[PDB]
Amino acid sequence: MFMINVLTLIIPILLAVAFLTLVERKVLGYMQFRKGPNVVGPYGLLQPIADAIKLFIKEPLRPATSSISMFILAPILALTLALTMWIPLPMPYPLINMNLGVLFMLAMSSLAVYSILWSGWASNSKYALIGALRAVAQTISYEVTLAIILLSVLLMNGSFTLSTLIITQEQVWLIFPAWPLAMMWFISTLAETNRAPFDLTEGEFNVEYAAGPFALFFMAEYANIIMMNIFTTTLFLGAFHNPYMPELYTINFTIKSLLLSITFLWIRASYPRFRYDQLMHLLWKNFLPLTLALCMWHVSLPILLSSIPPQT
Amino acid sequence: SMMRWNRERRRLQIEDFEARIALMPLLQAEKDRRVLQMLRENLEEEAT
Amino acid sequence: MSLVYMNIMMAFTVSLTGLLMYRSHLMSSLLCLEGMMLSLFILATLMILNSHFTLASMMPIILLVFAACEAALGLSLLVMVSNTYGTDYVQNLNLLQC
Amino acid sequence: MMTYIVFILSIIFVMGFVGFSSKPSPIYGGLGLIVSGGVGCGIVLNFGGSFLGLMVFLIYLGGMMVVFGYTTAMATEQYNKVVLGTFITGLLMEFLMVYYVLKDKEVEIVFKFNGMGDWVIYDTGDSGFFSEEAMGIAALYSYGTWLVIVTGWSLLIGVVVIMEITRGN
Amino acid sequence: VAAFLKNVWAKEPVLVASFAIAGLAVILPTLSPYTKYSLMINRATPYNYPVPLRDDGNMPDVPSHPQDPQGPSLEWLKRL
Amino acid sequence: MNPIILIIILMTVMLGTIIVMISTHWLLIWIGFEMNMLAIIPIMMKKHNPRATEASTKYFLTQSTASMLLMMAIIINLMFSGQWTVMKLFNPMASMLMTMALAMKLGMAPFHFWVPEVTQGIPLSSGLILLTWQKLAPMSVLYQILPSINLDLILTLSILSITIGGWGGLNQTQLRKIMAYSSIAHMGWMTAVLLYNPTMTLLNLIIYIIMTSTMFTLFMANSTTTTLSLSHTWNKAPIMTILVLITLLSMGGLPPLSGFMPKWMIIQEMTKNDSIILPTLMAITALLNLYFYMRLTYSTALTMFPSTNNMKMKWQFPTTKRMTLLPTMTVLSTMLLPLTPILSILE
Amino acid sequence: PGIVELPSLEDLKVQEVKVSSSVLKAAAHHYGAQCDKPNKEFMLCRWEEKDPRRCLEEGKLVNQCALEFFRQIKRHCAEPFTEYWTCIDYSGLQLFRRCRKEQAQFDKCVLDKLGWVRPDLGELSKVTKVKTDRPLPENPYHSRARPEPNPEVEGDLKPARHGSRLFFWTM
Amino acid sequence: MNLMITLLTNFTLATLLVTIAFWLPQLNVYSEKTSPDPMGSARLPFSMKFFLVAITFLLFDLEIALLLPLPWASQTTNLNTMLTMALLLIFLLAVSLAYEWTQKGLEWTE
Ligand SMILES: CCCCCCCCCCCCCCCCCC(=O)OC[C@H](COP(=O)([O-])OC[C@H](O)COP(=O)([O-])OC[C@H](COC(=O)CCCCCCCCCCCCCCCCC)OC(=O)CCCCCCCCCCCCCCCCC)OC(=O)CCCCCCCCCCCCCCCCC
Ligand SMILES: CCCCCCCCCCCCCCCCCC(=O)OC[C@H](COP(=O)([O-])OCC[N+](C)(C)C)OC(=O)CCCCCCCCCCCCCCCCC
Ligand SMILES: CCCCCCCCCCCCCCCCCC(=O)OC[C@H](COP(=O)(O)OCCN)OC(=O)CCCCCCCCCCCCCCCCC
Ligand SMILES: CCCCCCCCCCCCCCCCCC(=O)OC[C@H](COP(=O)(O)OCCN)OC(=O)CCCCCCCCCCCCCCCCC
Ligand SMILES: CCCCCCCCCCCCCCCCCC(=O)OC[C@H](COP(=O)(O)OCCN)OC(=O)CCCCCCCCCCCCCCCCC
Ligand SMILES: CCCCCCCCCCCCCCCCCC(=O)OC[C@H](COP(=O)(O)OCCN)OC(=O)CCCCCCCCCCCCCCCCC
Ligand SMILES: CCCCCCCCCCC1=C(C)C(=O)C(OC)=C(OC)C1=O
């Protein structure tokens, strides 16, 4: 019965990632005064199926790999970490209810840069390796403000339990006491997933992969995008939870996470790219000083207000 | 809002902890009889 | 004593002899050194969680942090070596024989 | 089999160190130390140290071995008998240890070691509404004042030292 | 102190907001009247068991029952 | 280097050694050694040449290996004792590992193999710190763990350090390697009297630090790093030849000088314990150290080697170097033997 | 060493309180108010004797006083109690805050038919006092006699005889 | 146990998808491709700045590792000491950032 629950987690993740590509092409279409795909399916609904069948029968690109083993392991690690970031997510009950789900997610997202690094070294191109080092340095840079913003917000939660974070937000959304942490969190998770305006992998690392494994990297990246929007929804926009009707919470956080994923799609059709030093300047000289200052404020603030949340 | 609600959550935590404290003598007595039961069983099987 | 301590100590000695018998690279040496630190983390952690000595639970974190900072120092040393010879080979570090 | 699981993880742990102590290449060495950190984290998780195991992921693997693989990928330009011989040597030493301690329920390499599963040494009580490990780590700020002072000073000096010795001036 | 502050708020407002939020975080718990209540709530949270005392004969302020009047009270926590 | 950063880094070196000296917990001992190494690394790389970077790499590898063996000894102590007091060790395996770790930190033979390298690679001031201040913290831990130090181990390390540091300096023309092999021999002398009377260990440590600081301060005053460059001193600064004469005659243990004081007292505490062979062999092996000290005095003070023409220019510039405590250390390292019973202040 | 002495299985037989944890937590505050005295006798015995074998009979009194707590619920207020512990039982963390009207019905029915008052916030965590007739353990740790300490230093401090006596130094 | 089953299921699904991606289009009998980059064959130039941002990450991540027990540390009874040491750790992280600033460490990746 638990295996059925794992399947009903991981298969709808793949389906929502498959149709997020259609929603991206449609929403970027209408924001660009054109349409997105509407020929291949009725209202374009068969475009990801056609595209997946297209990619899985395209010729393998057949690279000369430096290491065969890491060339195999980087999609494996990317997909495995893309799927295991969902199991502590409370919606309203997680698959794996654990005491440290927040720290688990921060750990399994910290492990995600090895896929980029192994895919960059396993290609024989030095240019792909330079791009992989830039992407790894970018991601590990913004993980710093992920960790500190996340700690500062969980000082109002009392624990690293993600299910406690719904109980925390039953009177107010947590964006109202923590909107500067929310906006720096939102831009930092936008910079985690190599997403525009932080997509320097498309601006002039896994270009030596064939269409199959490049599609697997692509779907792991969109699983991370949907997951970080769901995690931002649970973290700052906590919905009402009636324990006798859990589908109220499920419909509500689904609507909020869809709006937040569309907000990623709406950012990428609005801004030009940063130069690499410009988002390094954005992290180390703008986001991190305010993040440390708000970390001091959210340490000292439940003590000066007598609003220290419960441990349990 | 977080001030009012975390104060209410602390009072609810103290209520749950005093429910636990009111239950701890009975659970301690049952735990003592549990471990003495298991040690007597291990003792008799060691003797045989 | 307990059987898992055997394997954690033997892992420490394996990474010791790896750190005490270089092949060519300084990076492989630092990998063996941090394997030694990892085995110390696991062993101190299993002791402190075993005996329920509560205050020492902050001990391995400290044992992480300092030593991880130590690793950073070694990596920078390696980079200065690699800013002289082009490799991190330990056989290039023999200017001090005379 | 399942009552020995930490032991089994620990065997993988020893195998993982022979994955890089033989030193095949520093990138395969990095991969072996990553797998070793994962299984040793699992060992930490199975005594109840969840926070310490997630420090092994977040700080040791996701923090530091990232930097090892990063620095290594900026060297060793991309394209043994002693490596495979030392690897099978360490593997056969470890499985001889396994076979001895499983056929005798007692072994002595340097210390005496029991051969039963390490589930036996545990405690039979509860810790209430706290993890003792979590509260001992929370004690770093109230009881651990001098430790926080010297650790933060060493990290500040570490930043200063890294900036001094990498400048070249 | 006046032109310098407007100058740094014109050039580098992120740093001014940083040092302002950090300065409030430093000074404001020493000036807040609710800082004492944080202490009083954290010491009133019963993680352990209140192990009772042997009544030797002279303890006038220790109760015999939890609902007795003497002892520590938390009416300040209910009311606030 | 920025002088503020230099002051903060030297205070962090001193802070790590003080944290080793004043702490009662083993984790704080390990933290003091980590802080001390982490802060002394830029003092070695002060002049930024590949010899300093190589020396810092070798120093990092040896001290990191010693710190890992130290933490393993501490962890085995927590196994077999359940506690963390900096006192005797409750396992001979942890005692052996901690004695090995501290021998690696001191550079005692056969872990001596980093001391003549690193001291050659680094400047004279950083070598002064390495050979005087960096001997304080492991000798403090050896002072506090001596009820559990194995006798044959510490005496093997001691005689092996004395013999190897004696035969090291006979082949040496570089002054920093001469001071390094002198360091290995004198650390053997310090740890040999350790389990018998650690007050004489402290006396030997203080007199050795005074004499080594005198010799490095003379080397920095004359800007000489080789024997043949030290031989130019009589034509430039004739008083400095007299100072290196009396200090090197002191370091060989020649009476009536103060460097005779420790080793004699060491013999004075080893014939009480019915060890007669061992201080005799140690005293006879110290004649090797005295032989290359005599070689340096022949090259510098007792003869006049030929100088060059450009020395005539340096006659017109007096020494603008801050020769800190050089008269004080020169007097204390030579004329202190009539104050031999002052050693009771170290009890 | 010696043989450990365990009680027989007849000494451990008692009518077990076979109710679930939600039944315990729903009835918790009235159990802590009404079954105060033998519970605190037992826990004082348990922290003073430091040995459960010396604390069995008092524990039986606990297991005697708990059941009379529940029968007296079952004789008068079984239906509001059942409605209350069912709603407590539904929750995963067993929240009191989800179940306030059932608690109100149960407390109203207990206060009417049995006169029991629920403890206020802060009362069941008070450190109370217990009047016992059992003696205080003079050696609860079974500790033996400590070793006698080393003799102190005392008396006036005279100077050293003939100075330091170091080979020839007359002072 | 449920978590180990979940991790094994996710790894097995990922390995199955990777095997299908690496072996289903291999059955295409298309053609043998004869003679299968901005830099031609030059060595990779070492960038000091990439290593600097990686070590700065590592050190600030260690300071984060010190900061991680704070939601549990706010529950203490010694709150003045706890608040002082928490503000001191975040202040030492800020002093590390300010020293990284003013000695030109955050340059060309600012
Ligand atoms: C009314 C209110 C006022 C009352 C005032 C009362 C006093 C009035 C007179 C004022 C002056 C008093 C002077 C101190 C008292 C007498 C001390 C004395 O002679 O002890 C005899 C002492 C033992 O003889 P004694 O027959 O058993 O005792 C007679 C008294 O009862 C000795 O009495 P004690 O039993 O109490 O003596 C204790 C103990 C007695 O001694 C012992 O227990 C034996 C161990 C002594 C140390 C031996 C070390 C051996 C290895 C190192 C060798 C060092 C180098 C040798 C010389 C090289 C060139 C300088 O002494 C020591 O442990 C101190 C160490 C030695 C220093 C002696 C005092 C020197 C003051 C002047 C310093 C100037 C440089 C002097 C030479 C520096 C080297 C010593 O003689 C020796 O050890 C021979 C060595 C030379 C002694 C120094 C002579 C002092 C006068 C020197 C003037 C010429 C200077 C020329 C320019 C500078 C040099 C080129
Ligand atoms: C969770 C739901 C969503 C949350 C909100 C986010 C949605 C909006 C997204 C919009 C599209 C963003 C696209 C990417 C943009 C990236 C660039 C960017 O914005 O850079 C950030 C810019 C960077 O600066 P800059 O580059 O614009 O400015 C120039 C900077 N210098 C001079 C250094 C070159 O600003 C920040 O870093 C601000 C971060 C958030 C600030 C929060 C402050 C809160 C107020 C504190 C108190 C202030 C008063 C003083 C104290 C009073 C006390 C009582
Ligand atoms: C959780 C919910 C997830 C939902 C995911 C999917 C969303 C979209 C679902 C499908 C929507 C309708 C799709 C219709 C596609 C077009 C079908 C069509 O018209 O095909 C015509 C073609 C030729 O037929 P012919 O006989 O030649 O016609 C001449 C007429 N004189 O004949 C053919 O092509 C042959 C028939 C092909 C039929 C394919 C149907 C689509 C299958 C998509 C996969 C998903 C199925 C649904 C899953 C969820 C519901 C259980
Ligand atoms: C290169 C190799 C292949 C690469 C791809 C695959 C590997 C990488 C991706 C997978 C990473 C796996 C991470 C496994 C551990 C994660 C930490 C963890 O388990 O945390 C959750 C939880 C802590 O929460 P808590 O609530 O305290 O526990 C329940 C008790 N209340 O703890 C628990 O619930 C504990 C449950 C029991 C112990 C579980 C042990 C799992 C097995 C060992 C680790 C497996 C991974 C090894 C390799 C890692 C390589 C990075
Ligand atoms: C005491 C409170 C706690 C303080 C410590 C905690 C701080 C938390 C935030 C972390 C800050 C970390 C980074 C700090 C770096 C400071 C140095 C700096 O940035 O100087 C350079 C800057 C000018 O920028 P520039 O170099 O030109 O940059 C190139 C792009 N144009 O120069 C400037 O912009 C001038 C910066 C200095 C003056 C700032 C004044 C702010 C005053 C706010 C109101 C009062 C708040 C109370 C505290 C006052 C403390 C001074
Ligand atoms: C039980 C025992 C407990 C402990 C007892 C106390 C132990 C004391 C250990 C002393 C260790 C001294 C270490 C070296 C001094 C520290 C400061 C330093 O680095 O000084 C050197 C400094 C560097 O200047 P720099 O610019 O690098 O010069 C290069 C040339 N252009 O400046 C120079 O180069 C200037 C040249 C002269 C420097 C002379 C310094 C002498 C210091 C030692 C004095 C003697 C020790 C104290 C008295 C005895 C105590 C035992
Ligand atoms: C079998 C489950 C799905 C496997 C993955 C294939 C489908 C999803 C990725 C395909 C894809 C789409 C739709 C796509 O639109 C796109 O362009 C933006 C890609 O290239 C960057 C893609 O890779």
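Please sort by residue number the chymotrypsin sites (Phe, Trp or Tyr not before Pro) in region A:154-196 whose DSSP state is loop and whose Cβ has at most 15 other Cβ atoms within 10 Å.
Hits after loop and neighbour filter: nothing returned.
Note the angle between two axes, namely the Cα long axis of helix F:277-297 and the longest principal axis of the Cα atoms of chain F, as a number of degrees from 0 to 90, rounded to the nearest 10.
Helix F:277-297 and the main axis of chain F meet at about 30 degrees.
Under a Cβ-only charge scheme (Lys and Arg +1, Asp and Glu -1), can you give me the dipole magnitude of region D:2-166 about the Cα centre, in debye to the nearest 20?
Using only the charged Cβ atoms, the result is roughly 460 debye.
Determine the calculated [θ] at 222 nm for chain B from helices alone, applying -39500 (n - 2.57) to every DSSP H run no shorter than 4 residues and normalising by the residue count; nearest 500 deg cm²/dmol.
Mean residue ellipticity at 222 nm (helix-derived): -35500 deg cm²/dmol.
Collect residues whose amide H, placed 1.01 Å from N in the peptide plane, falls under 5 Å from the amide H of E:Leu53; neighbours closer than 5 in sequence don't count.
Here G:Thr128, G:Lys129, G:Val130 satisfy the definition.
How much of the pair distance distribution for the protein assembly as shown lies past 50 Å, counting alpha-carbon pairs only, in percent?
Of the Cα pairs, 41 percent sit more than 50 Å apart.
For region A:105-262, what ratio Rg/Rh do Cα atoms give with a Kirkwood hydrodynamic radius?
Here the Rg-to-Rh quotient is 1.03.
As a check on your grasp of the helix formula, calculate [θ] at 222 nm for chain A: sum -39500 (n - 2.57) over DSSP H runs of n ≥ 4, divide by the residue count, round to the nearest 500.
That comes out to -21000 deg cm²/dmol.
How large are Rg and Dmax for region F:151-307 when only the alpha carbon atoms are used, in Å?
Both quantities, over Cα of region F:151-307: 15.8, 53 Å.
Distance from the Cα centre of region G:1-63 to that of region A:114-148, in angstrom?
If you average the Cα positions of each part, the centres end up 60 Å apart.
What list of ³J(HN,Hα) couplings, whole Hz, do you get for region F:222-239 from phi and the Karplus terms 6.51, -1.76, 1.60, once you set θ to phi - 60° and write x for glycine and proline?
Ordered by residue, 3J(HN,Hα) equals 8, 6, 10, 10, 10, 4, 6, 7, 5, 5, 7, 6, 5, 7, 9, 9, x, 5 Hz.
Translational diffusion coefficient, Stokes-Einstein: compute it for region G:30-153 using the Kirkwood radius over C-alpha pairs as Rh, at 20 °C and 1.002 mPa s, and state it as an integer in µm² s⁻¹.
Taking Rh from Cα pairs, D becomes 120 µm²/s.
For helix F:50-81, report the angle its Cα long axis makes with the longest principal axis of the Cα atoms of chain F; keep it between 0 and 90° and round to the nearest 10°.
Taking Cα atoms only, the helix is inclined about 20 degrees.
Which of D:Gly85, D:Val39, D:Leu102 sits closest to the plus end of the dipole of region D:2-166, meaning its Cα is farthest towards the positive end, when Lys and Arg get +1 and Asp and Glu get -1 on the C-beta?
D:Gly85
Between D:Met1 and E:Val16, what is the label-point separation in nm under the 7 Å Cα-to-beta-carbon projection?
It is 6.9 nm.
Per 10 Å bin, what percent of the C-alpha pairs of chain F does each bin hold, from zero upward?
Answer for chain F: a P(r) of 6, 25, 34, 25, 9, 2, 0, 0 percent.
Here is the link list: F:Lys58/F:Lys135; A:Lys54/A:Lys256; F:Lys135/F:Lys314; E:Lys78/G:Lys40. Which ones come out longer than 28 Å on Cα distance?
Table pairs above 28 Å Cα-Cα are A:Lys54/A:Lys256; F:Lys135/F:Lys314.
Using Cα atoms only, what is the angle between the long axis of helix F:26-44 and the major principal axis of chain F, expressed in degrees (0 to 90) to the nearest 10?
Result, in degrees: 20.
Counting only other chains, and only Cβ atoms inside 10 Å, what mean value do you get across the residues of G:38-50?
If you average over the peptide's residues, the count of other-chain Cβ atoms is 4.
So, in Å, what gap is there between the alpha-carbon centers of region A:30-71 and region F:303-327?
Computed from Cα coordinates, the inter-centre distance equals 80 Å.
Can you give me the convex hull volume of the Cα atoms of chain B, divided per residue and expressed in Å³?
Spread over its residues, the Cα hull of chain B gives 55 Å³ apiece.
Given charges of +1 on the Cβ of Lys and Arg and -1 on the Cβ of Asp and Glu, with all other atoms neutral, how large is the dipole of the protein assembly as shown about its Cα centre, in debye to the nearest 20?
My answer is approximately 3220 debye.
Given the protein assembly as shown, what percent of its DSSP beta bridges are antiparallel, to the nearest 5?
The antiparallel fraction comes to roughly 80 percent.
Quick check: pseudo-label points 7 Å beyond the Cα along Cα→Cβ at G:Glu57 and G:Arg100, how many nm apart are they?
It is 4.8 nm.
Counting only trypsin sites (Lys or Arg not before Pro) that are in a DSSP loop and have at most 10 other C-beta atoms within 10 Å, tell me the longest site-free stretch of chain F.
Here the longest run is F:1-271.
Where q = 0.06, 0.16 Å⁻¹, what log10 of I(q)/I(0) comes from the Debye formula for chain A, counting one point per Cα?
So the normalised log intensities are -0.21, -1.49.
Size of the dipole of region A:1-106 about the Cα centre, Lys and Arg at +1 and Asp and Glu at -1 on the beta carbon, nothing else charged, in debye to 20?
Taking the Cα centre of region A:1-106 as origin, the dipole is about 360 debye.
Between F:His186, F:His48, F:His25, where does the largest GNM mean-square fluctuation fall for chain F, given springs only between Cα atoms within less than 10 Å?
Comparing F:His186, F:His48, F:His25 in the GNM, the peak value goes to F:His48.
I need the fraction of alpha carbon pairs in region C:1-86 separated by more than 19 Å, rounded to a whole percent.
Pairs farther apart than 19 Å: 49 percent.
First check a/c for chain H, with a ≥ b ≥ c the square roots of the eigenvalues of its C-alpha gyration tensor; if it is under 1.5, answer rounded, and if not, answer prolate when a/b is larger than b/c or oblate otherwise.
Oblate is the answer for chain H, as a/c is 1.5 or above yet b/c matches or exceeds a/b.
Taking every Cα atom in chain D, find the radius of gyration and the maximum pairwise distance Dmax, and write them in Å.
That works out to 20.4, 62 Å for Rg and Dmax.
How would region H:1-52 be classified by its alpha-carbon gyration tensor: rounded, prolate or oblate, with rounded meaning a/c under 1.5 and the a/b versus b/c comparison settling the rest?
Here region H:1-52 falls in the oblate category.
What residue among G:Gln103, G:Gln64, G:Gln15 has the largest mean-square fluctuation in a Gaussian network model of chain G, using Cα springs under 10 Å?
Evaluated over chain G, the most mobile residue of the options is G:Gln15.
Please work out the Cα center distance from region F:25-71 to region H:72-98, rounded to the nearest Å.
Comparing the Cα centres of region F:25-71 and region H:72-98, I get a distance of 29 Å.
With unit charges on the beta carbon (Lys/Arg positive, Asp/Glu negative), name the residue among G:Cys55, G:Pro159, F:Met93 whose Cα is farthest towards the positive pole of the charge dipole of the protein assembly as shown.
About the Cα centre, the residue reaching furthest to the positive side is G:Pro159.
Work out the charge dipole of chain E with +1 on the Cβ of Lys and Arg and -1 on the Cβ of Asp and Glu about the Cα centre, then indicate which of E:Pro52, E:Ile27, E:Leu15 is farthest towards its positive end.
It is E:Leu15, whose Cα lies furthest towards the positive end.
Would you grab the residues whose amide H sits under 5 Å from the one on F:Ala109? Only those 5+ places off in sequence or on another chain, please, with H modelled 1.01 Å from N.
F:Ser161
So for the pair F:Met313, A:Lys58, with labels modelled 7 Å out along Cα→Cβ, what separation do we get in nm?
The two pseudo-label positions are separated by 7.2 nm.
Methodologically, a virtual Cβ is constructed for each residue, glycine included, from the backbone with ideal geometry; neighbour enumeration extends over all protein chains shown. Just so you know, all these numbers are worked out from the coordinates, no wet-lab data involved.
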